[PDB]
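Below you'll find the structure, written out as structure tokens, and then a few comments.
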Amino acid sequence: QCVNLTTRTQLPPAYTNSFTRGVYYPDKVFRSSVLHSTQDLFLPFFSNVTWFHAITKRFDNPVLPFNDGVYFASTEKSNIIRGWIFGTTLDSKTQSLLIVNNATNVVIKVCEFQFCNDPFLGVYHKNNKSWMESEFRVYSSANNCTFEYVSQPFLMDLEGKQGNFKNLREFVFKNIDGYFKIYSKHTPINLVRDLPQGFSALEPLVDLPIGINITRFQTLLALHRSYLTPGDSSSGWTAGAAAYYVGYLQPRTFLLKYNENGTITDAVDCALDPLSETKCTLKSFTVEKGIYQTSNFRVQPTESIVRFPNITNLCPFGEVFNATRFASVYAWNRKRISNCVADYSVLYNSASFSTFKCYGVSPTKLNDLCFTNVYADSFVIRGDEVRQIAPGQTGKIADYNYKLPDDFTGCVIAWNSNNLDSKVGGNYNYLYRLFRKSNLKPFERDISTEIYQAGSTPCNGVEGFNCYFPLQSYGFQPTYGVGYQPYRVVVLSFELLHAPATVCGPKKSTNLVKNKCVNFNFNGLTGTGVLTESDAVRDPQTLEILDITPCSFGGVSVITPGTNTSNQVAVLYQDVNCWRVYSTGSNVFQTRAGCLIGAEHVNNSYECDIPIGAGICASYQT
Amino acid sequence: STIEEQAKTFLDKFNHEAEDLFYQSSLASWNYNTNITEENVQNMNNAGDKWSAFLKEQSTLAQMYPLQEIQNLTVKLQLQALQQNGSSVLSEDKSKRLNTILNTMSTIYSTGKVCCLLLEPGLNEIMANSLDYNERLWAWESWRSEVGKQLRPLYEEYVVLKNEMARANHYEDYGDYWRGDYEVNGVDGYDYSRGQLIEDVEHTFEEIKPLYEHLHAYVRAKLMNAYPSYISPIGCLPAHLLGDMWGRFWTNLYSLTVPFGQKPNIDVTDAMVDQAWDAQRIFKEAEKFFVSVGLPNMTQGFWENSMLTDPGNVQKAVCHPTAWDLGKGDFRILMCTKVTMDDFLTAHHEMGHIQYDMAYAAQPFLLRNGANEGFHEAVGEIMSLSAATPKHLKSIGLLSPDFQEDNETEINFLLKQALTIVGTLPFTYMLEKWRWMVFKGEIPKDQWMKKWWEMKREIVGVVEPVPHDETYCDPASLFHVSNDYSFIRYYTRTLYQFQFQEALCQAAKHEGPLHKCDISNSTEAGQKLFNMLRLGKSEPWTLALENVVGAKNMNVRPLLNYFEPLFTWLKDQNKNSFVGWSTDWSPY
Ligand SMILES: *[C@@H]1O[C@H](CO)[C@@H](O)[C@H](O)[C@H]1NC(C)=O
Ligand SMILES: *[C@@H]1O[C@H](CO)[C@@H](O)[C@H](O)[C@H]1NC(C)=O
Ligand SMILES: *[C@@H]1O[C@H](CO)[C@@H](O)[C@H](O)[C@H]1NC(C)=O
Ligand SMILES: *[C@@H]1O[C@H](CO)[C@@H](O)[C@H](O)[C@H]1NC(C)=O
Ligand SMILES: *[C@@H]1O[C@H](CO)[C@@H](O)[C@H](O)[C@H]1NC(C)=O
Ligand SMILES: *[C@@H]1O[C@H](CO)[C@@H](O)[C@H](O)[C@H]1NC(C)=O
Ligand SMILES: *[C@@H]1O[C@H](CO)[C@@H](O)[C@H](O)[C@H]1NC(C)=O
Ligand SMILES: [Zn+2]
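Protein chains in written order, with PDB author numbering: chain A, 14 to 68, 76 to 143, 145 to 555, 574 to 617, 633 to 676; chain D, 19 to 133, 141 to 613.
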């Protein structure tokens, strides 16, 4: 059933500080003795997290939002916490996830639970000293169930302890792409209260493919009932001392340190303080004395968007590749394609091509790009001369049939065709130029059939001495060697112009936003900053010019005497006349270079240790 | 423009469609050989006529270009091989008469009886196994009377016609025309002269003279057991008692003369049968050996186009083993494979020929041949020599894993091999010298038989059983003599093959006697061999020879080193018997 717990004293919420906790492994790649800078959802250091107690009763279990993942620390001595519930409404109207740990198993279910108003687990007898699970008031019913998992059976102690908290359980919950990622860690502790200091790397625990909408969540605790708790179900119970800290993760950049054992030992917040930003930029834990300007005031952009022209037309590659016949090399087939979306991955991985070489462009990176035009040039050649279709190559084909420019920017595909256009007796339909007066300019076609003259005397359209037919004929048979079998060659050339792109890779166009620090991708070119309605980009969906403001601004300088010397630093604002500052502090001195904070100005004039500008020199003293 | 540019353009035009016509003719010939029928005969004849007409037209057109202007030294070779007026010099009636003479010679050699009692089905069997003095003498005399007596005036007219043609071709004699093959010009330190070829042959022949003398004396001594009333203690051996119609080879004599007959010879027929080789494992082993040396693979088309067994009783086809280079990257092998050691060795030989053909395919059409006429068979034969060693057989599972070798078996094997390798050198030299002298005109038309038999008694050391007059023409009974075939190749082939074997054994870091040498698993030897194989005819043969052995000219010393233990054994055995022959002695 469900009962509303009463006789509970209400107290104002308490808050504490997160002393360098909530550090988990970003991935599953082994790194040893290395400093890795990576941006992801982490709890900022020394943040203000919320503290809840269980001891006045104070049986606190409110419903809290699940914004971007929750960091949950728990100080326990008797395993009062029993599990959690996540969802959107938690009233059986929306799909809800219950992760509970009873005295027997661990049950993870994703169902439309009709959750009780005050869910709890009221587990004792005087005559025999034994604690057993007795009450489970979580949900009225579950109608539709999608995911269900039960852990192996185990026996829980369920026994209360009169000592201090001995277990510290740290969990990180994230909901990314319908996947609930849980990172877990346990630590033996001996303390009275407050968050312990130190460092701890959180290891991944589970990645459940639930695929549900999670907005709110609640923690499920345990109750103890015996002869010492008289009354009804709503009053005849105790709480049991426990505590837990709750915090929210934010998208931040962190510098992680890996020791010789491959474990995480230290973490640095990158957009926390100017000293931290300098440490992150230098990718080291020690910074020498000097002046540094990393980027600007600290800021981590919120999201990322992509804006690509909308052309849902499947691009016709099957027309060219799967063609009945191909033209001769001396008269090679040209086709132009535009206003289409091309899936280059299937073409690259069709696993039926003898040669596939892309010049100037990475074979995989070209998938998500935008191009103005594409040219497909097709013909049939001999196996030996396929290598001649490449920039800077020389030969008969490269000088009389098909010339390729040195600064090529496309791809070349070629595959064997000995089963299609090879017949006994000789397929005398394919020709090729063998004698030409001059060379060929890049991307040139000639079909002239004038007889070539090599001698002094001109022959009047008649063959003979020093006069030959210009075009020779290939012969093809099913019994030639590999070097003489026919090969079908298709060259793709990508043309880029300032005109709006017509060919683009298969991607999404996410709704655009304004006045937000975002990582935008327009027509294949990426950038970061704030988009302002009006360097400037013309979006392909409404043809509206948007200006790119570099988010934070104001050239900020930092003076340090060395990490080993001291942590005291001086902050200089070069465009502020003494405003937009991290903190006004003290030692505010205005010079031609700007406003300096944290450095003492003296009436003397010593040798220049740390130059700043306009004849100003500073140093660190007692 | 310049003559060189025009010549290059003409050659570029020629090679295209030269390859095409050659491929079509070769395909027709292969179809006829694999599938014998009248229609295939007509196709082959038409293709051959077309190819010949195209060659004549191209030669006529190329005659215009003067050779003096070309200075590229590669176009000049192709033009010189192309500017071959040749038989077109003779008059049309003269050409018809010459063709009729040659056709009549071929027909009369093919159609010969002494009965009934044809040459191939029974005459060779008698000459190899009769064992009767009277029967062998009768067959020899009957064949001589039936062939040489008839072929005298035809051969005389042929000689005068061919000598006239050679003289009209700006050549001193037809012998000079043949010897023009061993000629290289324009290279300092490598050039050769036609007159140098007549010398440098007798020198090495005299170098091996004591070995041949010892072998001949030993053979005479051993043969005295049979025909006691016909063998002289000193003198020349009777002509008909050589186990051959002409005595070119002494292999059949091996049965009579053995030093240690108790020791069995090496044979793997039983092992092949027990392991049940399916007439394809042989080629697999050959390919594996050639790969292990370091040479490339075998093309996929070779494994399906070529036929390596009898087609069956349904379809007939002559299957004298052959290695076919059809052009345009097509390679085939024609054999009737059976489970014998001889088939194993001949398969290795043909695979070697195929590898040699693969090596130089990148060269233009006019230069796709061996360095000279003697390189190709030597290259094909050194592979069989290397693969015939007992060590190589023991490496394969066919031979016994635990086998012991004794020097008696080594001596038996060396004697059997020497009965063929060295028994033909004096005969080849004598026959080619006689033909050269006949062509030169030194010998009068009434002294042919006398001079021929004098040379046979002196050089070869073999005497005729009965005298013959000037009516007879004994040397015309040979296949090569009557069919206009140059014959010096069978002399230099052995020299080249033994020089190559010595060079490879030295470069492969092997120790011991030369006859116990194998070159498998020797990448350096393979690379050195390829550095010569890939040359083709582009470079002078002297330079190609230097690229392996390191000597500009051929040396007979490696051959002597090969048979040195047998030389010592023969000297020890002949320390008591006489050495030499008596010229004056005759059977009658
Ligand atoms: C061409 O035909 C093949 C054969 O089925 C097919 O797999 C392929 O999708 C077709 N189109 C292209 C562009 O290759
Ligand atoms: C050989 O040629 C005849 C001619 O008709 C043909 O019937 C036969 O199939 C051919 N044998 C082959 C190609 O193996
Ligand atoms: C001859 O011409 C060819 C052109 O194919 C060239 O490669 C070669 O170096 C030339 N040799 C000489 C000696 O001129
Ligand atoms: C072949 O004919 C040509 C053309 O007259 C001639 O120059 C050449 O000497 C002839 N060859 C001979 C006579 O060997
Ligand atoms: C080519 O030779 C190598 C050498 O061992 C062998 O592994 C490979 O299978 C051969 N390939 C073909 C196609 O013969
Ligand atoms: C060679 O064979 C003979 C045959 O009896 C034998 O006596 C001799 O020891 C063997 N070895 C040598 C080196 O002669
Ligand atoms: C060559 O090497 C192969 C590789 O194991 C070996 O099986 C074979 O016995 C070797 N042959 C010789 C003659 O060394
Ligand atoms: Zn051969």
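Every residue gets a Cβ at the ideal spot worked out from N, C-alpha and C, and that includes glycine.
Contact set between residue i and chain D, taken where Cβ atoms lie within less than 9 Å
| i | result |
| --- | --- |
| residue 493 of chain A | 31, 34 and 35 |
| residue 475 of chain A | 19, 23, 24, 27 and 28 |
| residue 401 of chain A | Those within 9 Å of residue 401 of chain A in chain D number zero; the least Cβ separation is about 17 Å. |
| residue 503 of chain A | 324, 325, 326 and 354 |
Contact test: residue i Cβ vs ligand 4 heavy atom, cutoff 7 Å
| i | result |
| --- | --- |
| residue 193 of chain D | yes |
| residue 81 of chain D | yes |
| residue 188 of chain D | no |
| residue 439 of chain A | no |
| residue 172 of chain D | no |
| residue 107 of chain D | yes |
| residue 422 of chain A | no |
Rounded Cβ spacing between residue i and residue j (contact assumed at less than 8 Å)
| i | j | result |
| --- | --- | --- |
| residue 433 of chain D | residue 285 of chain D | 4 Å |
| residue 35 of chain A | residue 55 of chain A | 7 Å |
| residue 359 of chain A | residue 395 of chain A | 7 Å |
| residue 504 of chain D | residue 127 of chain D | 7 Å |
| residue 556 of chain A | residue 96 of chain A | Because chain A is numbered 555 and then 574 with no intervening positions, residue 556 of chain A cannot be located in this model. |
| residue 508 of chain A | residue 403 of chain A | 7 Å |
| residue 112 of chain A | residue 81 of chain A | The pair is not a contact, with the Cβ atoms about 19 Å apart (cut-off 8 Å). |
| residue 81 of chain D | residue 101 of chain D | 6 Å |
| residue 677 of chain A | residue 52 of chain A | Lying before the first or after the last residue shown, residue 677 of chain A is absent from chain A, which here runs from 14 to 676. |
| residue 520 of chain D | residue 581 of chain D | 6 Å |
Partners in chain A for residue i, counting only beta-carbon separations shorter than 7 Å
| i | result |
| --- | --- |
| residue 74 of chain D | The contacting residues do not exist; residue 74 of chain D stays about 17 Å from chain A at best. |
| residue 38 of chain D | 496 |
Contact test: residue i Cβ vs ligand 5 heavy atom, cutoff 7 Å
| i | result |
| --- | --- |
| residue 318 of chain D | no |
| residue 330 of chain D | no |
| residue 323 of chain D | yes |
Listed by chain order, chain D residues near residue i by CB distance under 7 Å
| i | result |
| --- | --- |
| residue 487 of chain A | 24 |
| residue 500 of chain A | 326, 330 and 355 |
Any non-hydrogen atom of ligand 7 within 7 Å of residue i CB
| i | result |
| --- | --- |
| residue 609 of chain D | no |
| residue 614 of chain D | The first residue shown for chain D is 19 and the last is 613, placing residue 614 of chain D beyond what the model contains. |
| residue 420 of chain D | yes |
| residue 543 of chain D | yes |
heavy atom of ligand 8 below 7 Å from residue i C-beta
| i | result |
| --- | --- |
| residue 345 of chain D | no |
Near ligand 2: residue i beta-carbon under 7 Å from a heavy atom
| i | result |
| --- | --- |
| residue 498 of chain A | no |
Environment of ligand 6 in chain order, Cβ to heavy atom below 6 Å: D:432 and D:433
Below 5 Å from a heavy atom of ligand 1 - residues by beta-carbon: A:338, A:339, A:342 and A:343
Closer than 6 Å: residues whose CB approaches a heavy atom of ligand 3: D:90, D:91 and D:92
Complete beta strand (DSSP E) runs within the region 242–272 of chain A (minimum length 3 residues, chain order): 263–269
Closer than 6 Å: residues whose CB approaches a heavy atom of ligand 8: D:374, D:378, D:402 and D:405
Inside the region 247–307 of chain D only - beta strand (DSSP E) runs reaching at least 3 residues: If we require 3 residues or more, the region 247–307 of chain D turns out to have no beta strand (DSSP E) run fully inside it.
By C-beta, the residues closer than 6 Å to any heavy atom of ligand 2, given in chain order: D:53, D:55 and D:340
Complete beta strand (DSSP E) runs within the region 501–552 of chain A (minimum length 3 residues, chain order): 507–516 and 538–543
Those runs of the beta strand (DSSP E) which lie wholly inside the region 355–406 of chain D and span at least 3 residues: Taken in chain order, the complete beta strand (DSSP E) segments of 3 or more residues contained in the region 355–406 of chain D are 356–359.
Secondary structure, beta strand (DSSP E): runs of 3+ residues fully inside the region 182–206 of chain A: Taken in chain order, the whole beta strand (DSSP E) runs of length 3 or more contained in the region 182–206 of chain A are 186–197.
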